[PDB]
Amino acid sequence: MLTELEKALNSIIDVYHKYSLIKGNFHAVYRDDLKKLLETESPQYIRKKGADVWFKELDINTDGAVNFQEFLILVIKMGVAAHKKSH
């Protein structure tokens, strides 16, 4: 039995895969995939930055994709911002 916190962490991987499996490399989220991700998964205060700004910020190696470790930057920022909001 995984705890609820542990299941939450595994679910973060599932969310990435929903998008990384759309096309091309299954370990890559491309710019249009990332736009769908932000629209579907993130609140307005994250979306309003814009998918192009977010893509440039997350694509650390400038290879035209967001890999899982790069996606974790977005998760960290969303968690920190959500935590701020909740109080």
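When you see a residue number, it is the position in the sequence shown, counting from 1.
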*Which has the higher mean CA temperature factor in the PDB entry, 38-46 or 56-64?*
38-46
_Averaging CA B factors per stretch from the PDB record, which one is higher: 47-55 or 28-36?_
47-55
*For residue 5, return the chain-relative third of its C-alpha B-factor as stated in the PDB record: lowest, middle or highest.*
lowest
*asked:* Among the modelled residues of this chain, does the Cα B factor of residue 23 put it in the lowest, middle or highest third?
replied: lowest
